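Undergrad: experimental structure and sequence below.
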Amino acid sequence: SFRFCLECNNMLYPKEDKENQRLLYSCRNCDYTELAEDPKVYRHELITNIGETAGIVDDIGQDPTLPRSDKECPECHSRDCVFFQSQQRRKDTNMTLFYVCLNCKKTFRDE
Amino acid sequence: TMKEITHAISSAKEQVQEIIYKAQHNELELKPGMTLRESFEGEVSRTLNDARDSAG
Amino acid sequence: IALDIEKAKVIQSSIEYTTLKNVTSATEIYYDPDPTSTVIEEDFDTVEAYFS
Ligand SMILES: [Zn+2]
Ligand SMILES: [Zn+2]
């Protein structure tokens, strides 16, 4: 998540003040500049796990084509649950199941 | 002979079910040079071919 | 070597191509104006131990 100029709406780029030795975010079409809070200017993940469990919707229990199991919900302890494998579909994706209850909709595994 | 064939096929289906459970709980050994999915598919195919050969 | 599995594994490791990208899990860029110290608290202990 990156921020934008509050008066120009354009993207703010990181900058360093030579005299102050501080990190700043400065727009390019305007003189607006704001102090940087975090030092993590850039991050790149070679191996990532996002998109595995993020694929959750509140009304996934209304799908009739999804199998229904009897795994115990940690939160609601309901007798009815719906499970599915990982939404991320890379060639080396694990086959672990994600179980969703009909009340709390918490995603969990059998591991 | 039909009961023998049915028993063999049922045993093979039970074995495939156990393999499915093991793969779903990360308990499955991985064949070198192949991913988890590829190893799982190869094992299931071998089991089913052996089932047909035994029944025949 | 042909009849010993350990030496064969050693040779196999010695032949296979391995790059930094193979073992690298993630990379990051930080702003830190003090070469003799750091801003990150997690890496502060290691860098200070190295400098001492
Ligand atoms: Zn601007
Ligand atoms: Zn519930």
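TA: That came in fine, so what should we check first? Numbers count the residues shown, from 1 in each chain, chains lettered A, B, ... in the order given. Ligands and ions are numbered 1, 2, ... in the order given.
Undergrad: and stretch C:10-28, how far apart are its ends?
TA: One end of stretch C:10-28 sits 33 Å from the other (Cα to Cα, to the nearest Å).
Undergrad: hmm, that stretch touching chain B?
TA: No: with Cβ under 8 Å from any Cβ of the partner chain as the measure, stretch C:10-28 is seen stopping short of chain B, the closest distance being 10.8 Å. Every residue, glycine included, has its C-beta placed from N, CA and C.
Undergrad: who's in contact with that stretch?
TA: In this structure, residues lying in contact with stretch C:10-28 by Cβ atoms under 8 Å, 6 or more residues apart in numbering or on different chains are A:40, A:42-47, C:1.
Undergrad: centre of the chain to that stretch, how far?
TA: In terms of Cα atoms, centre = their mean, to the nearest Å, the centre of stretch C:10-28 is found 10 Å from the chain centre.
Undergrad: again, but for stretch A:2-12
TA: Using Cα atoms, centre = their mean, the distance from the centre of stretch A:2-12 to the centre of the chain it belongs to is 22 Å.
Undergrad: any idea how far apart the tips of that stretch sit?
TA: 8 Å.
Undergrad: ok, and does that stretch reach over to ligand 1?
TA: Yes: part of stretch A:2-12 sits close enough to ligand 1 to count as contact by Cβ under 5 Å from the ion, namely A:5, A:8, A:10.
Undergrad: tell me which of those residues fall in strands.
TA: When DSSP state E is applied, the residues of stretch A:2-12 next to ligand 1 are split such that none fall in strands.
Undergrad: among the residues you listed, name the buried ones.
TA: Applying 16 or more other Cβ atoms under 10 Å in any protein chain shown to the residues of stretch A:2-12 next to ligand 1, the neighbour count classes residue A:5 as buried.
Undergrad: would you format the residues of stretch A:2-12 next to ligand 1 as a markdown table with distance to residue C:41 included?
TA: Written out in a markdown table, the entries for the residues of stretch A:2-12 next to ligand 1 read as follows (distance: Cβ to Cβ, whole Å):
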| residue | distance to residue C:41 |
| --- | --- |
| A:5 | 31 |
| A:8 | 34 |
| A:10 | 33 |
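Undergrad: out of the residues of stretch A:2-12 next to ligand 1, which is nearest to ligand 2?
TA: When these are ranked by distance to ligand 2 (Cβ to the ion), residue A:5 comes first, at 45.1 Å.
Undergrad: just the element for the closest residue to chain B within chain C, please.
TA: Closest to chain B within chain C is residue C:12: 10.8 Å, counting by Cβ to the nearest Cβ. Applying DSSP states H and E as the criterion places residue C:12 in helix C:5-15.
Undergrad: what do you get for residue A:54?
TA: Residue A:54 belongs to no helix or strand when assigned by DSSP H and E.
Undergrad: what's the separation between it and residue B:3?
TA: Distance check for residue A:54 against residue B:3: by Cβ to Cβ, to the nearest Å, it reads 50 Å.
Undergrad: more neighbours, these two?
TA: Set side by side, residue A:54 and residue B:3 show more neighbours around residue A:54, with 10 against 7, by other Cβ atoms under 10 Å in any protein chain shown.
Undergrad: from residue A:1, how far off is the more buried one?
TA: As defined by Cβ to Cβ, residue A:54 lies at a distance of 15 Å from residue A:1.
Undergrad: chain A: strands as residue ranges?
TA: If DSSP E is used as the criterion, the strands of chain A fall at A:13-17, A:22-26, A:33-35, A:40-45, A:68-69, A:81-85, A:97-101, A:107-108.
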